[PDB]
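The structure appears right after this line, and notes come after that.
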Amino acid sequence: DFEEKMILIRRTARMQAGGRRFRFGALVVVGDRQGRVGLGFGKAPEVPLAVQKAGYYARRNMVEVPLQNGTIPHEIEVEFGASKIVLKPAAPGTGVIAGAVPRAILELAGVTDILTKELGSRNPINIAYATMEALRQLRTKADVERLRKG
Amino acid sequence: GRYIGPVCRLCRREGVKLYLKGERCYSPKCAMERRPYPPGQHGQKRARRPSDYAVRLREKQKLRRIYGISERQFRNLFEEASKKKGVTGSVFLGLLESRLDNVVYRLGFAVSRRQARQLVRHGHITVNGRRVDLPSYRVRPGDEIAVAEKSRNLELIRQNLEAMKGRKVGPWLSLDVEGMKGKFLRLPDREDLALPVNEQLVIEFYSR
Amino acid sequence: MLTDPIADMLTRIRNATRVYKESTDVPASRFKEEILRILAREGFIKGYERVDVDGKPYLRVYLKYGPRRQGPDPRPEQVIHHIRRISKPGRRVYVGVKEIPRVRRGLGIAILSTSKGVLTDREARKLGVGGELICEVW
Amino acid sequence: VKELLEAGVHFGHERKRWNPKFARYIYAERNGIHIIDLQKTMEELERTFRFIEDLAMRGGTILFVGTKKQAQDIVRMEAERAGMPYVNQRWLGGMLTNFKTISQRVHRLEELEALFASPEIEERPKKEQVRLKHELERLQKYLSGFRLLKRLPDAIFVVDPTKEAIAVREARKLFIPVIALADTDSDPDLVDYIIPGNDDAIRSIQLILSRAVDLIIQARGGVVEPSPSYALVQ
RNA sequence: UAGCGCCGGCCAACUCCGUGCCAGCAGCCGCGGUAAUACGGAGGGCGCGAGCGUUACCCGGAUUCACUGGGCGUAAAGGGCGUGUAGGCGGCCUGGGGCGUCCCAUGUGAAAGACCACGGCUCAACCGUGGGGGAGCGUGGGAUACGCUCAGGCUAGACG
RNA sequence: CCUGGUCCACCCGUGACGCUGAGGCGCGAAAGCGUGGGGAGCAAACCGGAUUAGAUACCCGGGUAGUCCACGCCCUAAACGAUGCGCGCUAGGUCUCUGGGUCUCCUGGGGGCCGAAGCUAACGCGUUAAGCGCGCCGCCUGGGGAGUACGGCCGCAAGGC
Ligand SMILES: [Mg+2]
Ligand SMILES: [Mg+2]
Ligand SMILES: [Mg+2]
Ligand SMILES: [Mg+2]
Ligand SMILES: [Mg+2]
Ligand SMILES: [Mg+2]
Ligand SMILES: [Mg+2]
Ligand SMILES: [Mg+2]
Ligand SMILES: [Mg+2]
Ligand SMILES: [Mg+2]
Ligand SMILES: [Mg+2]
Ligand SMILES: [Mg+2]
Ligand SMILES: [Mg+2]
Ligand SMILES: [Mg+2]
Ligand SMILES: [Mg+2]
Ligand SMILES: [Mg+2]
Ligand SMILES: [Mg+2]
Ligand SMILES: [Mg+2]
Ligand SMILES: [Mg+2]
Ligand SMILES: [Mg+2]
Ligand SMILES: [Mg+2]
Ligand SMILES: [Mg+2]
Ligand SMILES: [Mg+2]
Ligand SMILES: [Mg+2]
Ligand SMILES: [Mg+2]
Ligand SMILES: [Mg+2]
Ligand SMILES: [Mg+2]
Ligand SMILES: [Mg+2]
Ligand SMILES: [Mg+2]
Ligand SMILES: [Mg+2]
Ligand SMILES: [Mg+2]
Ligand SMILES: [Mg+2]
Ligand SMILES: [Mg+2]
Ligand SMILES: [Mg+2]
Ligand SMILES: [Mg+2]
Ligand SMILES: [Mg+2]
Ligand SMILES: [Mg+2]
Ligand SMILES: [Mg+2]
Ligand SMILES: [Mg+2]
Ligand SMILES: [Mg+2]
Ligand SMILES: [Mg+2]
Ligand SMILES: [Mg+2]
Ligand SMILES: [Mg+2]
Ligand SMILES: [Mg+2]
Ligand SMILES: [Mg+2]
Ligand SMILES: [Mg+2]
Ligand SMILES: [Mg+2]
Ligand SMILES: [Mg+2]
Ligand SMILES: [Mg+2]
Ligand SMILES: [Mg+2]
Ligand SMILES: [Mg+2]
Ligand SMILES: [Mg+2]
Ligand SMILES: [Mg+2]
Ligand SMILES: [Mg+2]
Ligand SMILES: [Zn+2]
């Protein structure tokens, strides 16, 4: 099991001749607060259907973030097209100082103290995809000296 | 200032029995064991989904209204704690538990922090010889929070320390019921503390 | 005219490590050679030699990629992830030992030409000098 | 005894239609044809075959994918002889990532083989007989060999990665180590174990795959003589 | 002595009644047309509390003047194009200078504030002492990679 | 006839002479204007014929200025590859224009298409970059007001900046 926190739920509408059919989108993250997050983005015509589908994709697609002291190894300024997010690691005992979108991604990675800024466009989908790209780009001292020791 | 009065209402509304009344909140009529749902005409309805601001505000209220601190006194304590060099929450909690009314509560001269507030405000408690009439009086590590002579034979302090004959004060504290004093040894931490407060959400409340 | 030769050479390094070239043939100078000597000291690259085409001395840097990763897009992650000429010609930056940057918490480094030779930022903060902060490599 | 035969027809293919990341192995260019070097070919054959001899007797299953006219029945013959599943006909969309769904099609194949040997010829009338026969043949055609071992694979043998870009992307998505025979019209980046060499000469397919299947039969124990393409050829 | 704001979202806290595109609300989105959680009242709640609100002004959010830190095909943005003055920028090896740069001890960087300890007012606000930065800028010495310039050379730029 | 640009080859000479460039100066379609000339077609305006409710329009007949020449001004444009210039790097395939070669190729310059990585809001661009860079220049900072007004400068004026 994981903590299963949803970020945004949105109800997107395609046009049929007649009404306009909806499709509830739902961006959950799953996290054990150990260093594993998953970003699932389910699109279902019903809402608990959307939360179940998104949790299914999120548990299916995980990423191990290599934490240290409950925070992050290095400063990382990643981008997802127009949405760019910086993460500056903190001295511990500072709090997850982040937006409402990546605060849950970091807090379900189980960081404690991280200093971010949702730059660029702050769209809750793109920022979460950028944050998964950040925590998949995150490297520590051991697994960079392993790539330099040759 | 003291906010006032109704406090098992705040034993409710955050879902944890943060003890404010005292022996009432220990006795089987807390009206938090009886009714765990928050006060209000709605109250026992579906939980409105607690927002990201809502969870930080509720748990910052769990940190505040335990100690009864007025918010700007709390916030100035926080903006002293952030400048104070240390793990920020785990120096903030020690600063909160180093107030004189809270040290008198932890020392058990009173069943509640508001009774301890009346004790220190009405001039009963002495710190290092002379009486100190301040609930916000910080206690430096290594000083003797005592009871003066006009309140040593008080029935309230007598019954309170009667209750505290054999009770367990903290490892950052001491106790002496034969002289009704106690050395505040060091500052406590969250590992020392029985707080129903994730301190980190209170830390995250103030970078709003 | 390779208006910055160092910012030409580091982007030759970057444009070849992106396409996973085995080796670059950058042009030759003593400053570029000491910069690549710093990079091979730190362990980003597999050195350099002295090649020639039609009377043009070079440096052939041999790059150092990683293991073939699993999952889709299995290209090896590159030890020269980011590389950036900081003190450009249009803006020459210089710092002292008080303003030496820890380049992303000491994973990457900062090549800086100091007065006591070209140094890494560890060597700059160890010898005391600052200088022209040439390029952050991380 | 290997390259003595691999130099037969089994090397030298597509002219001027080449994925240039394959240029490690590409040797020369004569008559337009990009002839492929045989030394690095045979050492890469050993790099594949070491992994096949490991993960073939470790309970691991190989999934033989081949869709072209050149490599259909010489995949179908040599694929069934080690228990290994195959796709002779058009390999569908997501047999691997959607495997838990195409398991329902395998079970409809099983519960239609129940209806073959059934008393539902007498009842279950002729207009449902033609419907379930058109279901059974159109399911047993494109899902024939993908039935043998009822789990996700442990490696796949793609016989052409550019025709099977649908397949190599799926197995790289599912961490299945692709081994694939590829001529100059493919890239080896998303191929975990490459057989460099031709793909459309019938000997080029069948002889490489027959040596591979002799290695997997010997990895199971008890080696028997391989399958013939030297029966109706030429 | 306890009040003031707020309860549609942003923003924590929701029901009833009266109103019926009216009366009104508003910071934006917008509510109001007869079931209004958006208006008026009551209940209840939330926030703060001898204060709470509003206004104006400023900074932040505003990476929305982008040095750190933006762009220019179509979104706002390539000058109609060339030649070219000022400018800005400048290939490679060598040598001095030490002008930029960097370093070192000082000289100043007043006090007050800011910061850190430690103290006095019952604590705190304040206030006292001590200590440390403190950009700069002068002075003296050193460093010479890079930027500089003078001298020497080269041929990968450019021209013939 | 006069003359510019550019490319190849040889690697012959110079020895960094380079690149960009605010203001300048020059060129700058088409329309327009001036002074003459020329006027066959076409053709704004204009006149008619239908058309249509109306038709100042499409359609048709006519028809001037203009289109044309020379000199001289104007100086805007969807002056567009809506992509400033130069240089360096980063898979390729294509036919295609030119250049060389003891030439079923291979190298140089130019004009497109399909595409690697990368980019991008996407469309798509993709060694002729909208990739990676560096230098320099111009420009943008919500739309409308408004490219208007005022002033200045230029122009014969329209009008431009
Ligand atoms: Mg679907
Ligand atoms: Mg971006
Ligand atoms: Mg924005
Ligand atoms: Mg916005
Ligand atoms: Mg009471
Ligand atoms: Mg802050
Ligand atoms: Mg700069
Ligand atoms: Mg709420
Ligand atoms: Mg009315
Ligand atoms: Mg109101
Ligand atoms: Mg009514
Ligand atoms: Mg009503
Ligand atoms: Mg109301
Ligand atoms: Mg502002
Ligand atoms: Mg700003
Ligand atoms: Mg800038
Ligand atoms: Mg536009
Ligand atoms: Mg535009
Ligand atoms: Mg323009
Ligand atoms: Mg203009
Ligand atoms: Mg242009
Ligand atoms: Mg020029
Ligand atoms: Mg000049
Ligand atoms: Mg100097
Ligand atoms: Mg001094
Ligand atoms: Mg001072
Ligand atoms: Mg005192
Ligand atoms: Mg003081
Ligand atoms: Mg002082
Ligand atoms: Mg300075
Ligand atoms: Mg000519
Ligand atoms: Mg020569
Ligand atoms: Mg010279
Ligand atoms: Mg004209
Ligand atoms: Mg005129
Ligand atoms: Mg005229
Ligand atoms: Mg006519
Ligand atoms: Mg007419
Ligand atoms: Mg008419
Ligand atoms: Mg006409
Ligand atoms: Mg006229
Ligand atoms: Mg013109
Ligand atoms: Mg005009
Ligand atoms: Mg054009
Ligand atoms: Mg044009
Ligand atoms: Mg320009
Ligand atoms: Mg070309
Ligand atoms: Mg994309
Ligand atoms: Mg293209
Ligand atoms: Mg190329
Ligand atoms: Mg405006
Ligand atoms: Mg005017
Ligand atoms: Mg005039
Ligand atoms: Mg102009
Ligand atoms: Zn209670």
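Protein chains in written order, with the entry's author numbering: chain j, 5 to 154; chain i, 2 to 209; chain m, 1 to 138; chain g, 7 to 240. Every residue gets a Cβ at the ideal spot worked out from N, C-alpha and C, and that includes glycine.
Residue i classed as buried or exposed, judged by whether at least 16 other C-beta atoms fall within 10 angstroms
{"i": "residue 43 (chain i)", "result": "exposed"}
{"i": "residue 131 (chain m)", "result": "buried"}
{"i": "residue 64 (chain m)", "result": "buried"}
{"i": "residue 5 (chain i)", "result": "exposed"}
{"i": "residue 100 (chain m)", "result": "buried"}
{"i": "residue 19 (chain j)", "result": "exposed"}
{"i": "residue 11 (chain g)", "result": "exposed"}
{"i": "residue 121 (chain m)", "result": "buried"}
{"i": "residue 31 (chain m)", "result": "exposed"}
{"i": "residue 104 (chain g)", "result": "exposed"}
{"i": "residue 143 (chain g)", "result": "exposed"}
Proximity to residue i [Cα-Cα], best of the options
{"i": "residue 181 (chain g)", "options": "m:69, m:62, m:24 and m:11", "result": "m:69"}
{"i": "residue 112 (chain i)", "options": "i:209, i:23 and i:204", "result": "i:23"}
{"i": "residue 195 (chain g)", "options": "g:205, g:204, g:183 and g:40", "result": "g:183"}
{"i": "residue 71 (chain m)", "options": "j:153, j:148, j:152 and j:140", "result": "j:140"}
{"i": "residue 93 (chain m)", "options": "m:114, m:44 and m:138", "result": "m:114"}
{"i": "residue 79 (chain g)", "options": "g:206, g:227 and g:231", "result": "g:206"}
{"i": "residue 102 (chain m)", "options": "m:90, m:125 and m:78", "result": "m:125"}
{"i": "residue 12 (chain j)", "options": "j:44, j:94 and j:120", "result": "j:44"}
{"i": "residue 26 (chain m)", "options": "m:5, m:19 and m:40", "result": "m:5"}
{"i": "residue 14 (chain i)", "options": "i:161, i:62, i:145 and i:86", "result": "i:62"}
{"i": "residue 81 (chain g)", "options": "g:178, g:166 and g:113", "result": "g:166"}
{"i": "residue 145 (chain i)", "options": "i:89, i:132 and i:156", "result": "i:132"}
{"i": "residue 1 (chain j)", "options": "m:61, m:118, m:91 and m:66", "result": "No answer is possible for residue 1 (chain j): the residues shown for chain j start at 5 and end at 154."}
{"i": "residue 31 (chain j)", "options": "j:42, j:76, j:118 and j:17", "result": "j:42"}
{"i": "residue 50 (chain m)", "options": "m:58, m:44 and m:128", "result": "m:58"}
Minimum Cβ-Cβ distance from residue i to chain i less than 8 angstroms
{"i": "residue 75 (chain j)", "result": "no"}
{"i": "residue 104 (chain j)", "result": "yes"}
Any C-beta of chain m under 8 angstroms from that of residue i
{"i": "residue 56 (chain g)", "result": "no"}
{"i": "residue 178 (chain g)", "result": "yes"}
{"i": "residue 145 (chain j)", "result": "yes"}
Contact test: residue i Cβ vs ligand 2 heavy atom, cutoff 7 angstroms
{"i": "residue 88 (chain j)", "result": "yes"}
C-beta neighbour in chain j for residue i, strict 8 angstroms
{"i": "residue 107 (chain m)", "result": "yes"}
{"i": "residue 91 (chain i)", "result": "yes"}
{"i": "residue 194 (chain m)", "result": "Residue 194 (chain m) lies beyond the residue range present for chain m, which begins at 1 and ends at 138; the question has no answer from this structure."}
{"i": "residue 64 (chain m)", "result": "yes"}
Cβ-heavy atom distance, residue i to ligand 7, below 7 angstroms
{"i": "residue 157 (chain g)", "result": "no"}
{"i": "residue 46 (chain m)", "result": "no"}
Beta carbon proximity, residue i to chain g, threshold 8 angstroms
{"i": "residue 75 (chain m)", "result": "yes"}
Alpha helix (DSSP H) runs wholly inside the region 160-233 of chain g, at least 4 long, in chain order: 171-179 and 208-226
Only counting runs of 3 or more residues, tell me where the beta strand (DSSP E) segments fall wholly within the region 78-129 of chain m, in order along the chain. 83-85, 109-114 and 117-119
At what residue ranges does the region 35-101 of chain g contain a whole run of the alpha helix (DSSP H), taking only runs of 4 or more? 44-60 and 79-85
My parser needs the beta strand (DSSP E) runs of 3 or more residues fully inside the region 134-176 of chain i; what are they? 144-148
At what residue ranges does the region 45-118 of chain j contain a whole run of the beta strand (DSSP E), taking only runs of 3 or more? 66-68, 80-84 and 87-93
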